[PDB]
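Enquirer: can you look at this? It's an experimental structure, sequence on top.
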Amino acid sequence: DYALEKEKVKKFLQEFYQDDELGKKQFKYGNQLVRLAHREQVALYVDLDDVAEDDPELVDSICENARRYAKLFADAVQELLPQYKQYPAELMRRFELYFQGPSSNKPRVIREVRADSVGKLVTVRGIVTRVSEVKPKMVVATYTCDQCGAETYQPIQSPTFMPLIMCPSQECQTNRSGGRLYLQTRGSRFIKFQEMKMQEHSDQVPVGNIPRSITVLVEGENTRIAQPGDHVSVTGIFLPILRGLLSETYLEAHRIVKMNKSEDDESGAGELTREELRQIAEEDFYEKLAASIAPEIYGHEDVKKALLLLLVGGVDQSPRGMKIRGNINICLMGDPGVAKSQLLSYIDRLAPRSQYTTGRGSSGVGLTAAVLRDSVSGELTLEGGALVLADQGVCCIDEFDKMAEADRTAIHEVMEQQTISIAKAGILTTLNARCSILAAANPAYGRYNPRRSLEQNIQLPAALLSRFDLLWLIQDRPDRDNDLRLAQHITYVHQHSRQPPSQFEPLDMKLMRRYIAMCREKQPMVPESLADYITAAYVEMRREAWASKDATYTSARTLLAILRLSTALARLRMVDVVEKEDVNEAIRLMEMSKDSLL
Amino acid sequence: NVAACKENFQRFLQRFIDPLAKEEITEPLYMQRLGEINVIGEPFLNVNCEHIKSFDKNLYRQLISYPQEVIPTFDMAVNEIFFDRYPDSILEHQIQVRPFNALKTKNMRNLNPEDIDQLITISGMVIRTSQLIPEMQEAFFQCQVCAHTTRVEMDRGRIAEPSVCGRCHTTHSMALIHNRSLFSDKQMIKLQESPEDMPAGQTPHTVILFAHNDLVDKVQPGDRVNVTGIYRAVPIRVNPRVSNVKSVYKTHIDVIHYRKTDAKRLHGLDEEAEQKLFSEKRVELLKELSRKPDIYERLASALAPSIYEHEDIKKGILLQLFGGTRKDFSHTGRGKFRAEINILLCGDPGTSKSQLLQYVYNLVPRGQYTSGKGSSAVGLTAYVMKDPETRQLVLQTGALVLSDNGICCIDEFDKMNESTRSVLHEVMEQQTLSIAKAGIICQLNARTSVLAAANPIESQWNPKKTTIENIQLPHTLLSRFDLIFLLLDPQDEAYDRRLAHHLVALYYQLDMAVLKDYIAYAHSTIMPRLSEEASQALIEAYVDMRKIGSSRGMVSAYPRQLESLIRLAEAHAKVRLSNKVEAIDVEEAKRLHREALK
Ligand SMILES: [Zn+2]
Ligand SMILES: [Zn+2]
């Protein structure tokens, strides 16, 4: 029976201690109930590990039913609220209660949840898809009899409901045997609501099987948490749909947690301590990170110095209404087997918002944005591509010389103005795609050769070559010595499954992903006294590439490299003004990128 | 609630003073507005529901919370303060009141169900409209026995049948006569949130607005508005038969006020009646600025104050914003005559072409921006789509027709296969388009003006070949242009230094409303007619062009150029408001046509 459970839950809600509050033993739910009584809060995430601390039996009979109990709890709190501080007892609820999963249960997959767990508290993991938009869902419909001057209500449970035409008040009927009553959207009560689908990770699927979906009815306070195309973990009851004996089922979410980082959304917990400010304040903080990027890869001391600037990014201006981008694009032309598709796979995992794409397996409308029809409605809708889903992050395109030539000019727009302007036959708009691109490619026919000059063993039209601030050029130079050290590195790796002890142990990925997010928001400036130095450098470049027989196409878009490739450095050193020592680092980079040919 | 508010509103309407300026203290602000309403037609009063926030705070709570039970009071309380001008002018309809807000209030993603049925302001970009839809107000019934015609009103929002003939009493004989009742109008419009003010890596939404009786056709697709109106939500039924309505409602917006303040653009051609609405203090300014010996070079040099010198291209792009006269050739049976100027920009990379297009497209209203490979033959002019609902082929408009008054920037002009390039031959010379497809045989027309940008073949201007070989365009397409700007720019050690010195400056840190109004004026009240002294310099200016362009092999001259000179000459006269074409207005627009290909 349940009448005695409504007391065994009130006990727990009024008695529970907790020490980690940083103070003494306070009441985790004692403060919560007051806040809820003062209408400063809406949801009450009753954890289940805390009930499983003094009563591991109640937890057994919650995850067994979890549908009655989620109502006993919302009655217990309904009674306790007045004791701290209309007709139906649900129109005046103005709060909701959600179960936060018990720690002993294990997160299933979508394929595992079978019929033997209908009506129980489950936990699934997946990728979001097709999240809807918030719409008001009714809970308590309020009607009025305009004739007899009254008010009536009715509560809703199903996804449908039939209204009333009675005015069942026996007085109004008895006096006159006549009268209709109107619906009304003022006295009623709505609640936010949105439905979203989940799919399995295509990784955890049998070798060639089709992924299965599930439906999630987010509502109340969990709305607007999850974005489409996202890794998420959901906790909620698993029920069948109302209205022969077969049944279609949906997951009724009680708790939604983002697990992008492979552990749990810890982006908001990006707090740097003083013991880490120790490191960040060291003389060569810029040089530790550079060595701690993909440590499994020997050599390439300079490429890792630029792949960090790409992750930090310069600053972006707006004078007299003339936007200048503040991202950096980088290409990695080089011989086969130099670990480029390793560097890219690493820079994919070290970025909050990232995307991975292959040139030969992606079409030009699938990068930017595509207009697609719905055979259920005949209506054309937009669907973002790769560069849209990677808005404030990094996109990675390896096998970049093999992408079809009509599917490659769809990037010229995203690399300069950083919008996507669609004018197909359903839509006319400009999406925002502020992504910074990183691509890899093989030079001419697999291998660089010294007969033909540049620009003919690269094969990029100048209009696209100039979009890249740094077209880095590596080689597979077979220097006997350079090969011996490379081999003695890789064999160590295959022995110990680790890299050989370096001068400074690499920082964890979790920690760098925070060191950088703290290092983005500085916005340094430029000092006037430097405009004479910078200038001369640029001028000198326009001389060399004009008085040479190999050099690439340099243009007035190169100056903004020097400028935006130095506000990155000055952003690492945590300065708030660019100094003459970073301009020379930038200038060295733009020179150490084509020396691999001399 | 009703009487208590008109008394509090009349006070506001009478005693209000602001620390502001209008139409370039006259205490009776809204009484002056109400006087203007009397001296002319247009019985609408645009009240700012923030002024009512200074004067009061207990109606500003009841206007944005019960707007449909207040705005009738705000009409009545204005009708009575119209007592001053009651006897003078007696219009018929009624006086109106329209609250609004200078600045937006919400987005399209943060509309929550605590905001149902209360004043709300958003902003977007109208996508598409619909045709009018009637909507009943007063029914009109009639009996089949007594043939007596009662006229019941719709009060609450539904129509009730009487069921008793006031004469014969047959207890149901009152049919509804449709075309004797009273209807009003209703239009359905779709917004689309702007690219600014949307989250990271997401796709635009839409929102449905419903216009009403008088706002029914006050907006066009392609406009940026600040709609203000109530926010409602109405149920839907799962069957069009049963009364089983769903539980997830569906929302729209009953618009109340538009606002198209596009100060980031110039003046669209809906404001030609509004040109007579210029302060006579301003026409003095314009006529006096138009007298300085160089107002040409003083306005031109104020276009895009971020490009470096490029002195001639800004001249051309300034004359393009005026265009030749609009002569009326219907009598001579010739047809019509193009009056807008098409400009082509060819030149080696890095020379800042795409920046000029990106600047113009953001200046002119009613424009588009297209690219090379991401635009097809039919997407630019007109396609035929299988309409989803009615399953019938219907016509639509491309990009060169949606502009129609403005500029159609076509970047990457070279990289369009010769099929989709031969389509511009019609729309850019005759200002027409003749379509003959499955069921559609029609003839559109437009007043667009291309502004194209291309690269030389080989993307490098090699001076070994002839000018008609670096461009590699045919002659039947090069002649439809009339200003082919060859940005021949090498590595001039002085130019590069000056440009770099200019560009760096953008990192430290004439008006518009002069130009933005000078242009509207010079469009509204100017029509340069040729002379006999000007016409006698136009004949030789074409007899020499032939001998010149014949030999060199650069670009031949066909009689069409002799019309372009006209187009250019007249367009120069409009700059200085000269209303008559004289000699110098031909020498200028001849030197411009000659000193662009060198
Ligand atoms: Zn009643
Ligand atoms: Zn009758």
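Expert: Okay, I see it. Numbering: from 1, shown residues only, chains lettered A, B, ... in the order given. Ligands and ions are numbered 1, 2, ... in the order given.
Enquirer: does residue 548 sit in a helix, a strand or a coil?
Expert: Went with chain A since none was named. coil (DSSP: H, G, I helix; E, B strand; the rest coil).
Enquirer: looking at chain B here, not the other one
Expert: Going by three-state DSSP, the state assigned to residue B:548 is helix.
Enquirer: what sits against it?
Expert: residue B:557 (C-beta atoms under 8 Å, 6 or more residues apart in numbering or on different chains). All C-beta atoms are positioned from the backbone trio N, CA, C, and that covers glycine.
Enquirer: pick out the residue of the stretch 1-150 of chain A closest to ligand 2.
Expert: residue A:147 (25.4 Å; C-beta to the ion).
Enquirer: and the closest residue in space to that residue that isn't next to it in sequence, how far is that from residue A:151?
Expert: Leaving out its chain neighbours, the residue that sits closest to residue A:147 by C-beta to C-beta, 6 or more residues apart in numbering or on different chains is residue A:179, at 4.2 Å. For residue A:179, the distance to residue A:151 equals 14 Å [C-beta to C-beta, to the nearest Å].
Enquirer: for residue A:593, which non-adjacent residue is closest in space?
Expert: residue A:472 (5.0 Å).
Enquirer: and the strands in the stretch 451-598 of chain B?
Expert: For the stretch 451-598 of chain B, the strands defined by DSSP state E, counting those that start in this stretch cover B:483-486.
Enquirer: what parts of it come near chain A?
Expert: B:455, B:459-460, B:490-491, B:493, B:496-497, B:499-501, B:503-509 (C-beta under 8 Å from any C-beta of the partner chain).
Enquirer: 6 Å instead?
Expert: B:459, B:491, B:496, B:497, B:500, B:501, B:503, B:504, B:506, B:507 (C-beta under 6 Å from any C-beta of the partner chain).
Enquirer: cool, and chain B?
Expert: B:113, B:195, B:200-201, B:203-204, B:233, B:238, B:243-244, B:246-249, B:305-306, B:349-350, B:369, B:373-374, B:383, B:385, B:388, B:399, B:459, B:491, B:496-497, B:500-501, B:503-504, B:506-507.
Enquirer: any of those buried? List them.
Expert: B:113, B:195, B:201, B:203-204, B:233, B:246-249, B:349-350, B:369, B:373-374, B:383, B:399, B:496, B:500, B:503-504, B:506-507 (16 or more other C-beta atoms under 10 Å in any protein chain shown).
Enquirer: so what's residue 121 up against?
Expert: Because you didn't say which chain, this covers chain A. Residue A:121 makes contacts with A:63, A:66, as judged by C-beta atoms under 6 Å, 6 or more residues apart in numbering or on different chains.
Enquirer: the intended chain is chain B.
Expert: Contacts of residue B:121 (C-beta under 6 Å, 6+ apart): B:101, B:104, B:105, B:228.
Enquirer: so which of the residues you listed is the most crowded?
Expert: residue B:228 (23 neighbours; other C-beta atoms under 10 Å in any protein chain shown).
Enquirer: for it, list the residues it contacts.
Expert: Per C-beta under 6 Å, 6+ apart, neighbours of residue B:228: B:100, B:121, B:256, B:257.
Enquirer: can you pull the phi/psi pair for the last one?
Expert: With angles defined as degrees, to the nearest 10, residue B:257 sits at phi -160, psi 140.
Enquirer: distance check, it against residue B:301.
Expert: From residue B:257 to residue B:301 the distance is 40 Å (C-beta to C-beta).
Enquirer: how about residue A:45?
Expert: Distance from residue A:45 to residue B:301, by C-beta to C-beta: 64 Å.
Enquirer: what about the two, which has more around it?
Expert: Between residue A:45 and residue B:301, residue B:301 has the larger neighbour count (other C-beta under 10 Å), namely 16 against 13.
Enquirer: next one: the more buried one from ligand 1, what distance?
Expert: Using C-beta to the ion, to the nearest Å, we find residue B:301 at a distance of 77 Å from ligand 1.
Enquirer: same check, this time on residue B:43
Expert: On the measure of C-beta to the ion, residue B:43 and ligand 1 end up 41 Å apart.
Enquirer: take the buried ones among the residues of chain B next to chain A and keep only those in helices.
Expert: B:496, B:500, B:503, B:504 (DSSP state H).
Enquirer: helices of the stretch 51-200 of chain A, residue ranges please.
Expert: A:51-54, A:58-65, A:69-84, A:170-176 (DSSP state H, counting those that start in this stretch).
Enquirer: and residue A:72, what is it in contact with?
Expert: Per C-beta under 6 Å, 6+ apart, neighbours of residue A:72: A:2, A:5, A:6.
Enquirer: run a quick neighbour tally on the first one.
Expert: Residue A:2 has 12 neighbouring residues, counting by other C-beta under 10 Å.
Enquirer: hang on, it in a helix?
Expert: No - going by three-state DSSP, the assignment for residue A:2 is coil, not a helix.
Enquirer: in space, what's closest to it - neighbours in sequence excluded?
Expert: Here the residue nearest residue A:2, using C-beta to C-beta, 6+ apart, is residue A:72, at 6.0 Å.
Enquirer: need the strands for the stretch 451-598 of chain A, in chain order.
Expert: Using DSSP E, counting those that start in this stretch, strands in the stretch 451-598 of chain A cover A:470-473.
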